[PDB]
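Below, in structure tokens: the form deposited in one PDB entry, a single chain.
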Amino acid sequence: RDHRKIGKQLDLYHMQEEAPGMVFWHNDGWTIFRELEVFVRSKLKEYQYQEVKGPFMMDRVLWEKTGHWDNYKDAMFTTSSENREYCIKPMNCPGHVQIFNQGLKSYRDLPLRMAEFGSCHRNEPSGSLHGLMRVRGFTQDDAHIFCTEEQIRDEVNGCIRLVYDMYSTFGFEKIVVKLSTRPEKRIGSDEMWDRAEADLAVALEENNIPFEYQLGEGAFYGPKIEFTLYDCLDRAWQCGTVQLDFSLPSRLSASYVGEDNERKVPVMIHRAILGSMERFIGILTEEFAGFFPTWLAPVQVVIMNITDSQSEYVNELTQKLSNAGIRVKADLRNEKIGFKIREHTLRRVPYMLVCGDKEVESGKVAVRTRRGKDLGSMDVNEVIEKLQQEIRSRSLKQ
């Protein structure tokens, strides 16, 4: 099953030729995107990250300084104002360094873990575009960690732990790890590259992760661990990545006062856990075939009456569920109950609540699922409590 067809069927998003690789998120697709942001934030809280927002564009001069212009030009969108050229950002790192550079920093501030849901644009050749997996405007669940050389091992380990921790929520069985080494166009000395490649290889082996080399595929600023996930046709897509950069901070004048009083340049680790939100949603859509786990489902519950005798009761339950934090809709249409059920089933709504007279009298609801399971009559507080529990726990199934 193809996420593109499922995305159309569940009204998640669309694209058009007046904006190639530019996603229009419809309400239900945007709901998923927003839930993933909530999830990422909850994890960024426990793993102790700041969250910032950098400028959408910056002067071409700044991108020249980083090496992005010489080592990354063709991918960049540019725009002008008052005789000055700007690049629309393809990466968030330089903005993060600019924020780091505001206010004197010391060893007391490190590791400084700076996250952003960073909207990037890259002028990917139009012939390489594919659904939500490869677009031109995407959002990374990005962060840069500023740390000392002594903190590299612990911070790289932390990023690797975060990847497997987050990925366990989604239950991915195939996670293939690559270590992408020095590309033909790069910055930093060969000696820097030897150290950075070794630090990553050693981090993988310490974490017991089998990996394959991807020779020459590292970033221009540093080598990359890549966590690869697979779509329905077993095509490989880079999602998670952890990268070690001994070059950009220096190019952007980042420094801090060390514990030993020597002013030094911080090491920077770049990482994304999901990758891009768009690509990750494309992957999830295929992984679940549109049957999103309840916490991610655009609409979690639909409540239906059989006739207008139960309209008032349906409205009452809908408000009760909505106040409980459940994404719930009432379907009060003048249509046969079996017509309504089929619509919501095809829409992959996890739970459907049917109210006839028997339900009104008893204060219960007849519960069924999008897999055709019939859970029979249930008391209303118990469905609320079970739903809340499965949402809060982000349960992979139920």
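Residue positions are given as counts along the sequence shown, with the first one as 1. Under this definition, the rigid core comprises the largest set of C-alpha atoms superposing within 1.5 Å between the forms.
Not on display, but discussed next: the form deposited in another entry.
A.B. asks: Align on the rigid core first; then say whether the Cα of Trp237 has moved by at least 2 Å between this form and the one not shown.
C.D. replies: Yes.
A.B. asks: Rigid core fitted, is the C-alpha displacement of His121 between this form and the one not shown 2 Å or more?
C.D. replies: No, the C-alpha moves less than 2 Å.
A.B. asks: Assuming the CA distance changes by 3 angstroms or more, are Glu390 and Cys232 closer together or farther apart in that other deposited form compared with the shown structure?
C.D. replies: Closer in that other deposited form, by 3 Å or more.
A.B. asks: Comparing against this form, do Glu184 and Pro90 have their CA atoms pulled together or pushed apart in that other deposited form? The difference is 3 Å or more.
C.D. replies: Here the pair is closer than in that other deposited form; there, farther apart.
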